[PDB]
Amino acid sequence: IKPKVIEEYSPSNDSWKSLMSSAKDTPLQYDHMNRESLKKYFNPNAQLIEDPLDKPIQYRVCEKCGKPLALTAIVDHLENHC
Amino acid sequence: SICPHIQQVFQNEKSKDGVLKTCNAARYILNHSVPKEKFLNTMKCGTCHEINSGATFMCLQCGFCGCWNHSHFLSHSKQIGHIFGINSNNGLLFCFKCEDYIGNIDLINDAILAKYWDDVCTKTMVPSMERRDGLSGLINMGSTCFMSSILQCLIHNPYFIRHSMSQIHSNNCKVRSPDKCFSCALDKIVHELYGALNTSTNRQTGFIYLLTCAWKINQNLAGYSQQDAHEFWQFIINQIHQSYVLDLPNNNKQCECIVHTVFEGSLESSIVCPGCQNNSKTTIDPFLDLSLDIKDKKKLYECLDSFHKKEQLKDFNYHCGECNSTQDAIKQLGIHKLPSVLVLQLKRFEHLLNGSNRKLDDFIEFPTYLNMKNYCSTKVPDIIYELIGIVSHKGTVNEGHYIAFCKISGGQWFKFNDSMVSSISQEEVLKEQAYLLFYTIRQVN
Amino acid sequence: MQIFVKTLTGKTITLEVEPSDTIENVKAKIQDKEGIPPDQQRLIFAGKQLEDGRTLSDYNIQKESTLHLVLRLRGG
Amino acid sequence: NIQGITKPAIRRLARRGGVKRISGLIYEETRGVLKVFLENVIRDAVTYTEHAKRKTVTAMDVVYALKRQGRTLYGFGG
Amino acid sequence: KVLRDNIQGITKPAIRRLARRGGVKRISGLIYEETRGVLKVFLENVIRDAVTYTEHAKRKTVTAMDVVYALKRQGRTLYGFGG
Amino acid sequence: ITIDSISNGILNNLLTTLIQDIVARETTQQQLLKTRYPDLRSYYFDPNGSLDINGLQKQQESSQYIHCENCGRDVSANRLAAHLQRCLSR
Amino acid sequence: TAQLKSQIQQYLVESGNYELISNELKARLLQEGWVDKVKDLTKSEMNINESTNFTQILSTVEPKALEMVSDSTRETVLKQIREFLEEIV
Amino acid sequence: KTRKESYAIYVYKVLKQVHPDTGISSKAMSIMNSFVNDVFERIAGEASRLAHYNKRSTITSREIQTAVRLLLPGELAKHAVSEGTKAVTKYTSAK
Amino acid sequence: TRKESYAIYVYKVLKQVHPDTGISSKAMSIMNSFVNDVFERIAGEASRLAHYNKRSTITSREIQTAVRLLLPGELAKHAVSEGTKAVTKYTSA
Amino acid sequence: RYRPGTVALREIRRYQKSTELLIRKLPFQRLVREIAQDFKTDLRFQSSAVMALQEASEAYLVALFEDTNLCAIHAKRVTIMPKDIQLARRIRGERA
Amino acid sequence: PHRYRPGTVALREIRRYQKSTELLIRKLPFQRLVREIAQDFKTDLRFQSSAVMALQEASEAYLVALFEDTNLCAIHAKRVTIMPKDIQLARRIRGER
Amino acid sequence: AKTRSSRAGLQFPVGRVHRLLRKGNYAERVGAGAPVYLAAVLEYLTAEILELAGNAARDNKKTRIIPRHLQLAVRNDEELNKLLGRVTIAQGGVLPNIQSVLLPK
Amino acid sequence: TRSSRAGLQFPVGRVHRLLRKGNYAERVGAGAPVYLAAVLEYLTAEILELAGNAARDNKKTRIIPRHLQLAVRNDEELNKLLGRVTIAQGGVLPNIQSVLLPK
DNA sequence: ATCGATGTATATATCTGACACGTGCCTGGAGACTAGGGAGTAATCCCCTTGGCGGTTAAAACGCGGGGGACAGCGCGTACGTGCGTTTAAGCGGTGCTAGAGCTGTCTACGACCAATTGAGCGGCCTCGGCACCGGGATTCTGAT
DNA sequence: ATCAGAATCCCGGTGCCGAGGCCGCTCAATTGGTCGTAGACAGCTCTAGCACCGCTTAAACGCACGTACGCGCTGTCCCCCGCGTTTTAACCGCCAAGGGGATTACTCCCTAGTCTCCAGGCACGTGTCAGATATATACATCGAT
Ligand SMILES: [Zn+2]
Ligand SMILES: [Zn+2]
Ligand SMILES: [Zn+2]
Ligand SMILES: [Zn+2]
Ligand SMILES: [Zn+2]
Ligand SMILES: [Zn+2]
Ligand SMILES: [Zn+2]
Ligand SMILES: [Zn+2]
């Protein structure tokens, strides 16, 4: 082996909880979507959903209005919109 | 049966709140992790430190990670007793003593709303069996065969579903009238197909309001006469942009509506003069769709290559400054920015000398996956699309019928007729005369 | 100024247009070179169909633009 | 005979048309007009019946006679 | 080339002579507009009929037989042009 | 040691990772289907193409009738486009 | 030694080659519908086995999916990673 | 007994399609039958006259369309032509 | 090409009636159009009568009743007399 | 006692609201038979034929009365005259 | 100087125009009006002179009949001068709308 | 006599009338006495019209017949006027009719 | 049958037979009877709609000839088409001139 | 009444272009014989039409009177009739030619005819409820004060 | 402005017969198949519709001046309308009676068809005088005296 990898590149005791501070400042990261190609060939305000056809539509139905509500919009509709 | 090991920990409140708090943080880490440290911290084993040696599971209580191929994380449960591991590839929970994932508990699947979990079980409900996909036809009230086909692809459009189910328009609309705004009428249709009207003439009331609204702006597109389907597409998507600027609280070229943020692209034109090859003045023109000719062609790549094929201007007055001579430059169209969903229109019509027109009934080959690396303006990586919608027309240039073909989650295709909804194989739709195509973003390398 | 219009066969043409002109002017310019009646001609620019009675300067159409000439396909 | 169309019938027919005041010779005028019209229509019907090689005038004969004169009437099996 | 203002081609003395042929002795000054309107309506009707007959014939020239048929259908049969 | 031996292990590491990714997502989706819907049945597939997803033929038109909300009249399906051109223009 | 395979994987992500080899692997398989064929296999497994056991299904599909990877997809990626390993060895 | 034809069933079906809770008498039925027969014979005569003027022994849909356009006023003829074209489309879709 | 008319017959009739009177081309076309119109009217009347009587053929009786219904009293009577005389002269030969 | 003109308008309204036949059937049938006796003797007649004849005659008379009323109104008068009927029949083209 | 009384020249022109049979309306303006009216239904049309002459003859005959009916109505109205209401009544009685 | 027109003693072509009746799609079968009857009726009508036209032309001291003579002849008779009440003749003109009320005293 | 193939109610076979036996031409096209049946169906549907409206305006369930006469005379295009057509038991429109009205 | 003048009817030379007549050739009309299906005729049934009788009742007929409507007669001032100067658009003689009307050779795909059949369309019955009839009260005009 | 007096609409109740559904019925539209030609298509030929100009000229336009009648107003005579009283035959319901319209089966004869052959009528060309055109002359007729 060549020591060039050891010079400047360089069971453990680290934990996955140590990356909590670093996870609170980086934007949404995708699996097979490169971020460099986004600003290079796509629009900055373009909505992106990775593999939308993998699972069916996850939603719930209200009891009073019966509106199909997204998971993130459940609490907002029940307060001042139901 | 339900996993009894995860049911035993459910008996305690603080223990159940503790495991539900860490998975929401664990899933928040995987969504905001750099790919470099992702393999070194979330996909690196603790015993052999092999990268992606099977399913790498992160520990629930500590920072140990073990591989699947050598039972390194399984030994962590056989020695310490941690049988609940989260796979860094999908974020699911696996049980070792049950040898199976936990995919029958909506609590862990909706752990992001665990703080209000007591309310969702009372005021909300799960969708029904027959209305879990919204598969329902639209009764043809006349010559509306072209209208119902355009709405069918928008019903199963994942970008339109997320925008409609989020209640963005309803919470920001000023008039909130279904018989006046197009967005308010579309929300009634998705509520009639995906939900249930409180409390067979069923699942068809919301479609009537769309005819009433369209009659107030343009009575010609009210379905009473046979019209073009592509003209109806650009008509309805423009009114959604007009209703968004109306709901604004108070200058910018690019809009923030659901159409401008999804289907809006930009073209690039170059006029290459053969004098010094320093041309030209770049002009960027946005677009929403692409019209491609199919004359003397058989594949989808052949029609797209002709669009990117260079052409020489023969009726263009030109005066260059590089070579300083009147020359016939070369015109070339390039793609500057690609939209998330690419729609392609095929000109299945030709012009004759006597003024009449003829429909092009030549079959055009098209694959389920389309690579767009050979049509970029400014090497390039691999960019792949996926076909999700096919609109087929059968008839003449002034008389025919429209039948749409759309695919839903799971890779299952369907035949979307006026009042006949039925399944169909994947190889059958690849042989029909496709008039409109729908390609969404899948993967960028 | 001069702009570009894509025909049905994929070939592009050039027409001398002024910003103060309306769409009724270019509908005649395409006719004297092709003979296609203007009622069947559909002019699409930036995904928006050009309406009658409006100039090109209102649609933010600039110099050396590219238009799209397509026809109708009725059904029902 | 021709006096079957009395004064009150003509007065009612004029009231239906909107006439407010009637003269004294209008009765004889409408009598003559109706006589001429009935003569023409009956001549047409009799010609049709004689060509039909029958002795009884039917409703179809009157319908054809009215259609010939540009007076097509609906409601009699025409 | 588009035509315009040809409706005024029917001058006052033309309508005057047309009324003299019919036996009119005294004419008012408000008859010309009504005559022009009636003539325009009649011409529009007969021209629509003739254009329809010509379009059904898949031709681009209006002959005399089409005008004769259009006049015959409107109860205005005219002799002196064959058919 | 050889070069080709280690490359096979590297490829085998990425192969099992993507294989285990696909099957893990399919087993959980099916697990939720039968749990939430114990009487769930698949859509009917017609090899001839004469039945819908429920195994029924296309109903005749206009055998059905729609109740209008503007005038309260029970107008047929095919005549609905002609009715809306006169009730709404009042 | 056991630390040999760790160093090659350590430098591979540091040099940035580890992400691209994963991108081209998913690219060629998705362009030929290989992901679709393996998804047809798993849904058929639940029909014959009538079980949702992960280890029971994975013991069947994982050895089976190995041979359906065509030699055209294999010979290209191995040829490309040899250009990447010999950069340091 | 003579098996004569009529149009009561079709007129009643159309009436029930456009007005479910509405009856009709026999006099109105006879009037509608006579009107239908008159329109039919008028359109047939116009088609025959056009066929004889054009020296053609075939009656296609173009002759019928031109006849209904000539016989009916503008908007009514346009609506009838649209209905006829829709019916022809529905007939040519299947077989 | 060829084109049929009734110019020579009307000319012969005029010479048998007025042997010293000419005729212009416009009057000839007017007479031709009049004869064609009368022929069409009589043929249509005969067809309507045959369809009303449910007959597949047309005899002299249909033409007789048609000219009776079309022409006024004296004219129709004279035409019927002339037609009967012509039919008798043709049958005797 | 009512003033002249009110009963006339009342009868006009009552006869415009009604649709029955203002002429009795037996004298009309007798007149029709007497007229038809001249053309041919020993002729039978159906009831529907007489009804259609009466309907057509009443419609024609109503139309002629309406035209006469219009002519008399244009003539700056209120009472109809036989000259109005003559002018109406002349303009209609029926009269020679 | 000599001066005729009103009404003599009118009767003289009436007799002159009732004796002759020539076309009172000239060719070019009527032809241009017919072409302008026909331009609205379909553009790029050609017409024969015989059709234009037949249309002119028919229009002149119709106008002569209308003027005769208007004169009859004006005479019945105890007047001599014709008015637009006379033409309106003539078209109402004729059944023209 | 070889021609059917000479056997009946007429001037109009019986064969042409028979061919026009058989080709005019008026009926299925055609009789034998109908063409002779129609030819005789047409001959009588044309003879009457030509008599009136010759009288009108002799009243004007002219050798030939103009459409004005035909117009005068049709407008002078009553039966022909009633038969051709809706027929317009080109270059025919109007009748020399002047009302009595318009004439001066 | 054939009427179901076009989605109509009028019989196509009877119309085709009437066109064959009508002696209007030598041969009859295939698309002409469907077009004629569609036109006739639209016409009778319009007439029946107007008659039902006129009957609902008078609070009745069965259509009388008076309703038909009123519906025909109230329309402009139908009045222009059926100008020379009379209806038995039809009646006249309730029209009163302005000059005949009192002070 | 008489006189002037003004457009109108009529005689006469004459030039010409539309009308009358000779000629050739082609195809639709004339001769002759046959099959076969529509039509005239003998016979029979019944129901659809015609004729007569009893009553009673709304419509028809005749007379009073009267007031509003039809009609004769005068004022007038404005819109139409008539004539003359101005010119402007209408009308005749050719000018070039090309897009569209018209005739011809060629292939075929759409329409007519035919055998079986069966089910959608037609004749007969039947009950009822939407409609016809009637009595009573409230409602809405209308004329004299 | 007010109010007594008829006219008329609406409500409630009672009664009835035509229509929508029904059952049995049967015959013409439907299906599969074949053979035939009117019509779509492409190609070539020719011809008159149209812009063009140039020149000539009668009719359209505007302006002055005069006049007579459509309308308004007044007044003056009279004749249909409203109402009351007397007459009457239309209609209703019923009962006789017959003969002409509708239906079925028989024969039979005439005409659509096919093959063959010829001259009547078509365009084409050419000669020719009836009437339009222009000039001059006699005159019926209309306005002011
Ligand atoms: Zn809610
Ligand atoms: Zn642990
Ligand atoms: Zn490991
Ligand atoms: Zn377990
Ligand atoms: Zn809204
Ligand atoms: Zn926008
Ligand atoms: Zn250069
Ligand atoms: Zn409504």
# chains A, B, ... in the order shown; residues from 1 in each chain; ligands from 1

$ interface_residues --of "chain F" --to "chain M" --cutoff "9 Å" --atoms "only C-alpha atoms" --output "list in words"
residues 60, 61 and 62 of chain F

$ residues_near_ligand --ligand "ligand 1" --cutoff "12 Å" --atoms "only C-alpha atoms (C1' of nucleotides) and all ligand atoms" --output "PyMOL selection string"
(chain A and resi 60-70+73-82) or (chain B and resi 120+122-125+167+191+195+198)

$ residues_around --residues "range 53-63 of chain G" --least-positions-apart "3" --cutoff "7 Å" --atoms "only C-alpha atoms (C1' of nucleotides)" --output "MDAnalysis selection string"
(chainID B and resid 99:101) or (chainID F and resid 19) or (chainID G and resid 45 66)

$ residues_near_ligand --ligand "ligand 6" --cutoff "8 Å" --atoms "only C-alpha atoms (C1' of nucleotides) and all ligand atoms" --output "mmCIF file with N, CA and C atoms, in the first residue's frame"
data_model
loop_
_atom_site.group_PDB
_atom_site.id
_atom_site.type_symbol
_atom_site.label_atom_id
_atom_site.label_comp_id
_atom_site.auth_asym_id
_atom_site.auth_seq_id
_atom_site.Cartn_x
_atom_site.Cartn_y
_atom_site.Cartn_z
ATOM 1 N N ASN B 238 -53.011 27.395 -17.201
ATOM 2 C CA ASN B 238 -52.797 28.835 -17.131
ATOM 3 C C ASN B 238 -53.751 29.502 -16.151
ATOM 4 N N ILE B 240 -54.811 28.165 -13.379
ATOM 5 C CA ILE B 240 -54.298 27.897 -12.039
ATOM 6 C C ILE B 240 -53.246 28.930 -11.660
ATOM 7 N N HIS B 241 -52.415 29.338 -12.623
ATOM 8 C CA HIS B 241 -51.449 30.398 -12.365
ATOM 9 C C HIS B 241 -52.138 31.739 -12.150
ATOM 10 N N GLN B 242 -53.268 31.968 -12.824
ATOM 11 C CA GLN B 242 -54.003 33.214 -12.644
ATOM 12 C C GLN B 242 -54.708 33.259 -11.294
ATOM 13 N N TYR B 244 -53.501 31.850 -8.609
ATOM 14 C CA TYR B 244 -52.483 31.962 -7.568
ATOM 15 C C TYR B 244 -52.072 33.412 -7.350
ATOM 16 N N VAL B 245 -51.918 34.177 -8.434
ATOM 17 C CA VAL B 245 -51.553 35.583 -8.297
ATOM 18 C C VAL B 245 -52.713 36.382 -7.715
ATOM 19 N N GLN B 254 -40.380 34.796 -12.620
ATOM 20 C CA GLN B 254 -40.753 33.428 -12.290
ATOM 21 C C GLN B 254 -41.795 33.422 -11.179
ATOM 22 N N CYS B 255 -42.864 32.660 -11.380
ATOM 23 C CA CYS B 255 -43.933 32.553 -10.401
ATOM 24 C C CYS B 255 -43.672 31.394 -9.445
ATOM 25 N N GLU B 256 -44.393 31.406 -8.324
ATOM 26 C CA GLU B 256 -44.258 30.384 -7.293
ATOM 27 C C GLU B 256 -45.461 29.449 -7.240
ATOM 28 N N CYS B 257 -46.258 29.402 -8.305
ATOM 29 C CA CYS B 257 -47.409 28.517 -8.337
ATOM 30 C C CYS B 257 -46.965 27.073 -8.566
ATOM 31 N N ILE B 258 -47.939 26.159 -8.514
ATOM 32 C CA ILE B 258 -47.639 24.745 -8.695
ATOM 33 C C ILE B 258 -47.236 24.432 -10.131
ATOM 34 N N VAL B 259 -47.619 25.275 -11.091
ATOM 35 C CA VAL B 259 -47.272 25.024 -12.487
ATOM 36 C C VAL B 259 -45.876 25.553 -12.791
ATOM 37 N N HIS B 260 -45.584 26.777 -12.345
ATOM 38 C CA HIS B 260 -44.293 27.388 -12.645
ATOM 39 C C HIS B 260 -43.155 26.717 -11.888
ATOM 40 N N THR B 261 -43.449 26.087 -10.753
ATOM 41 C CA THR B 261 -42.417 25.430 -9.963
ATOM 42 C C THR B 261 -42.218 23.965 -10.334
#

$ select_by_dssp --residues "chain D" --states "helix (DSSP H, G or I)" --output "JSON, numbers by chain"
{"D": [2, 3, 4, 7, 8, 9, 10, 11, 12, 13, 14, 15, 16, 17, 26, 27, 28, 29, 30, 31, 32, 33, 34, 35, 36, 37, 38, 39, 40, 41, 42, 43, 44, 45, 46, 47, 48, 49, 50, 51, 59, 60, 61, 62, 63, 64, 65, 66, 67, 68]}

$ select_by_dssp --residues "range 180-297 of chain B" --states "strand (DSSP E or B)" --output "number ranges by chain"
B: 227-228, 265-272, 283-287, 290-293

$ residues_around --residues "range 48-62 of chain K" --least-positions-apart "3" --cutoff "8 Å" --atoms "only C-alpha atoms (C1' of nucleotides)" --output "ChimeraX atom specification"
/E:18,39,42-43,61-64,67,76,78,81 /K:23,25,30-31,65-66 /L:88,90-91 /O:49

$ write_last_selection --atoms "N, CA and C atoms (P, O5', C5', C4', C3', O3' and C1' of nucleotides)" --output "compact mmCIF listing (two decimals), in the first residue's frame"
# COMPACT_ATOMS: atom_id res chain seq x y z
N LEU E 18 -86.50 53.70 -59.31
CA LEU E 18 -87.15 52.46 -58.92
C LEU E 18 -88.55 52.71 -58.38
N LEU E 39 -82.83 45.57 -49.13
CA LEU E 39 -82.00 45.04 -50.20
C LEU E 39 -80.79 44.30 -49.64
N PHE E 42 -81.99 40.88 -48.33
CA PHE E 42 -82.27 39.96 -49.43
C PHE E 42 -80.98 39.48 -50.09
N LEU E 43 -80.03 40.39 -50.30
CA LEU E 43 -78.76 40.02 -50.91
C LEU E 43 -77.97 39.08 -50.00
N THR E 61 -65.93 28.90 -58.10
CA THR E 61 -66.58 29.89 -58.94
C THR E 61 -68.09 29.70 -58.86
N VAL E 62 -68.81 30.81 -58.70
CA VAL E 62 -70.26 30.81 -58.59
C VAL E 62 -70.84 30.95 -59.98
N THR E 63 -71.60 29.94 -60.41
CA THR E 63 -72.22 29.94 -61.72
C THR E 63 -73.64 30.50 -61.62
N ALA E 64 -74.40 30.42 -62.71
CA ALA E 64 -75.77 30.91 -62.72
C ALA E 64 -76.77 29.86 -62.24
N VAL E 67 -77.48 30.28 -58.54
CA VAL E 67 -78.38 31.39 -58.27
C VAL E 67 -79.81 31.02 -58.64
N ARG E 76 -88.84 32.31 -55.69
CA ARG E 76 -88.60 33.43 -56.60
C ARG E 76 -88.04 32.94 -57.92
N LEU E 78 -86.91 32.44 -61.48
CA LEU E 78 -86.61 33.43 -62.51
C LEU E 78 -86.28 32.71 -63.81
N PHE E 81 -82.38 32.17 -67.92
CA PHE E 81 -81.00 31.78 -67.67
C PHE E 81 -80.79 30.27 -67.73
N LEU K 23 -82.45 48.34 -67.17
CA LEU K 23 -82.09 48.22 -65.76
C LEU K 23 -81.82 49.60 -65.17
N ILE K 25 -80.77 50.25 -62.16
CA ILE K 25 -79.57 50.20 -61.32
C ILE K 25 -78.37 49.88 -62.20
N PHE K 30 -73.52 48.00 -57.93
CA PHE K 30 -74.23 46.82 -57.46
C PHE K 30 -73.32 45.61 -57.41
N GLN K 31 -72.44 45.46 -58.41
CA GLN K 31 -71.50 44.35 -58.42
C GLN K 31 -70.52 44.44 -57.26
N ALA K 65 -91.98 45.34 -56.73
CA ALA K 65 -93.17 44.81 -56.05
C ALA K 65 -93.36 45.46 -54.68
N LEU K 66 -92.26 45.65 -53.94
CA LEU K 66 -92.36 46.29 -52.63
C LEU K 66 -92.83 47.73 -52.75
N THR L 88 -90.87 34.96 -62.34
CA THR L 88 -90.31 36.23 -62.78
C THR L 88 -89.62 36.03 -64.12
N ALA L 90 -87.06 37.60 -66.94
CA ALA L 90 -85.99 38.57 -67.10
C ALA L 90 -86.28 39.49 -68.28
N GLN L 91 -85.93 40.77 -68.12
CA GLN L 91 -86.14 41.79 -69.14
C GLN L 91 -87.61 41.90 -69.54
P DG O 49 -66.25 34.87 -67.23
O5' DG O 49 -65.67 35.17 -65.77
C5' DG O 49 -64.47 34.51 -65.34
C4' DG O 49 -63.89 35.18 -64.10
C3' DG O 49 -64.50 36.51 -63.72
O3' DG O 49 -64.24 36.75 -62.33
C1' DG O 49 -62.38 36.81 -64.82

$ residues_around --residues "residue 58 in chain H" --least-positions-apart "6" --cutoff "9 Å" --atoms "only C-alpha atoms (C1' of nucleotides)" --output "PyMOL selection string"
(chain H and resi 51) or (chain M and resi 25-29) or (chain O and resi 38)

$ residues_near_ligand --ligand "ligand 3" --cutoff "6 Å" --atoms "only C-alpha atoms (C1' of nucleotides) and all ligand atoms" --output "JSON, numbers by chain"
{"B": [45, 47, 48, 49, 50, 53, 66, 67, 72]}

$ write_last_selection --atoms "C-alpha atoms" --output "PDB file, in the first residue's frame"
ATOM      1  CA  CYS B  45     -19.956  -1.736  10.794  1.00  0.00           C
ATOM      2  CA  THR B  47     -16.817  -5.211  14.127  1.00  0.00           C
ATOM      3  CA  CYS B  48     -15.460  -5.553  10.576  1.00  0.00           C
ATOM      4  CA  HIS B  49     -16.014  -1.924   9.456  1.00  0.00           C
ATOM      5  CA  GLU B  50     -17.043  -3.154   6.001  1.00  0.00           C
ATOM      6  CA  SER B  53     -21.884  -5.479   4.003  1.00  0.00           C
ATOM      7  CA  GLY B  66     -23.279  -4.032  12.650  1.00  0.00           C
ATOM      8  CA  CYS B  67     -23.456  -5.687   9.258  1.00  0.00           C
ATOM      9  CA  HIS B  72     -22.523  -8.483  13.587  1.00  0.00           C
TER      10      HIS B  72
END

$ residues_near_ligand --ligand "ligand 7" --cutoff "12 Å" --atoms "only C-alpha atoms (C1' of nucleotides) and all ligand atoms" --output "VMD selection string"
chain B and resid 271 to 280 318 to 330

$ write_last_selection --atoms "N, CA, C and O atoms" --output "short mmCIF file (atom, residue, chain, number, x, y, z; two decimals), in the first residue's frame"
data_model
loop_
_atom_site.label_atom_id
_atom_site.label_comp_id
_atom_site.auth_asym_id
_atom_site.auth_seq_id
_atom_site.Cartn_x
_atom_site.Cartn_y
_atom_site.Cartn_z
N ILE B 271 -27.45 30.99 -32.90
CA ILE B 271 -27.39 31.22 -34.34
C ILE B 271 -25.92 31.21 -34.76
O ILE B 271 -25.26 32.25 -34.75
N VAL B 272 -25.42 30.04 -35.16
CA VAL B 272 -24.00 29.84 -35.40
C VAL B 272 -23.69 30.24 -36.84
O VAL B 272 -24.06 29.54 -37.79
N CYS B 273 -23.00 31.36 -37.01
CA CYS B 273 -22.53 31.76 -38.33
C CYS B 273 -21.23 31.03 -38.65
O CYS B 273 -20.36 30.93 -37.78
N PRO B 274 -21.07 30.50 -39.87
CA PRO B 274 -19.86 29.74 -40.20
C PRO B 274 -18.62 30.60 -40.44
O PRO B 274 -17.61 30.07 -40.91
N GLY B 275 -18.67 31.90 -40.14
CA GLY B 275 -17.53 32.76 -40.37
C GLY B 275 -16.35 32.49 -39.45
O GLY B 275 -15.30 32.05 -39.91
N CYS B 276 -16.52 32.76 -38.16
CA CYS B 276 -15.45 32.59 -37.18
C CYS B 276 -15.80 31.65 -36.04
O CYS B 276 -14.93 31.37 -35.21
N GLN B 277 -17.04 31.18 -35.96
CA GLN B 277 -17.48 30.23 -34.94
C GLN B 277 -17.33 30.82 -33.53
O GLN B 277 -16.97 30.13 -32.57
N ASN B 278 -17.61 32.12 -33.41
CA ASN B 278 -17.70 32.80 -32.13
C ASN B 278 -19.15 33.12 -31.77
O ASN B 278 -19.42 33.70 -30.72
N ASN B 279 -20.09 32.75 -32.64
CA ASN B 279 -21.51 32.95 -32.40
C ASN B 279 -21.96 32.12 -31.20
O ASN B 279 -21.37 31.08 -30.89
N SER B 280 -23.02 32.56 -30.52
CA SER B 280 -23.81 33.75 -30.85
C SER B 280 -24.35 34.44 -29.60
O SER B 280 -23.90 34.18 -28.48
N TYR B 318 -28.81 38.75 -42.41
CA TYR B 318 -27.79 38.68 -41.38
C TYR B 318 -26.63 39.60 -41.73
O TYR B 318 -26.32 39.82 -42.90
N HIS B 319 -26.01 40.15 -40.69
CA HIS B 319 -24.84 41.02 -40.85
C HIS B 319 -23.93 40.78 -39.65
O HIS B 319 -24.15 41.37 -38.58
N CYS B 320 -22.93 39.93 -39.83
CA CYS B 320 -22.07 39.55 -38.73
C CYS B 320 -21.04 40.64 -38.44
O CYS B 320 -20.82 41.56 -39.23
N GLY B 321 -20.40 40.53 -37.28
CA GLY B 321 -19.34 41.44 -36.89
C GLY B 321 -18.02 40.73 -36.74
O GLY B 321 -16.95 41.35 -36.83
N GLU B 322 -18.07 39.41 -36.51
CA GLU B 322 -16.85 38.62 -36.41
C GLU B 322 -16.16 38.51 -37.76
O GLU B 322 -14.98 38.88 -37.90
N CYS B 323 -16.87 38.02 -38.77
CA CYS B 323 -16.34 37.93 -40.12
C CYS B 323 -16.72 39.13 -40.98
O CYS B 323 -16.09 39.34 -42.03
N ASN B 324 -17.73 39.90 -40.57
CA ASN B 324 -18.17 41.10 -41.28
C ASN B 324 -18.58 40.77 -42.72
O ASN B 324 -18.03 41.30 -43.69
N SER B 325 -19.56 39.88 -42.84
CA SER B 325 -20.07 39.47 -44.14
C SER B 325 -21.45 38.85 -43.96
O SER B 325 -21.74 38.25 -42.92
N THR B 326 -22.28 39.02 -44.98
CA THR B 326 -23.62 38.44 -44.97
C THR B 326 -23.53 36.95 -45.26
O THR B 326 -23.21 36.55 -46.39
N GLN B 327 -23.80 36.12 -44.26
CA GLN B 327 -23.71 34.67 -44.38
C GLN B 327 -24.99 34.03 -43.85
O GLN B 327 -25.78 34.65 -43.14
N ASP B 328 -25.18 32.77 -44.22
CA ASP B 328 -26.32 31.97 -43.76
C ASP B 328 -25.87 31.20 -42.53
O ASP B 328 -25.16 30.20 -42.64
N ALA B 329 -26.29 31.67 -41.36
CA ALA B 329 -25.87 31.07 -40.10
C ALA B 329 -26.59 29.74 -39.87
O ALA B 329 -27.44 29.31 -40.65
N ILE B 330 -26.22 29.08 -38.77
CA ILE B 330 -26.78 27.78 -38.41
C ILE B 330 -27.55 27.96 -37.11
O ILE B 330 -27.02 28.48 -36.12
#

$ interface_residues --of "chain D" --to "chain N" --cutoff "12 Å" --atoms "only C-alpha atoms (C1' of nucleotides)" --output "list in words"
residues 4, 5, 6, 7, 8, 9, 21, 23, 55, 56, 57 and 58 of chain D
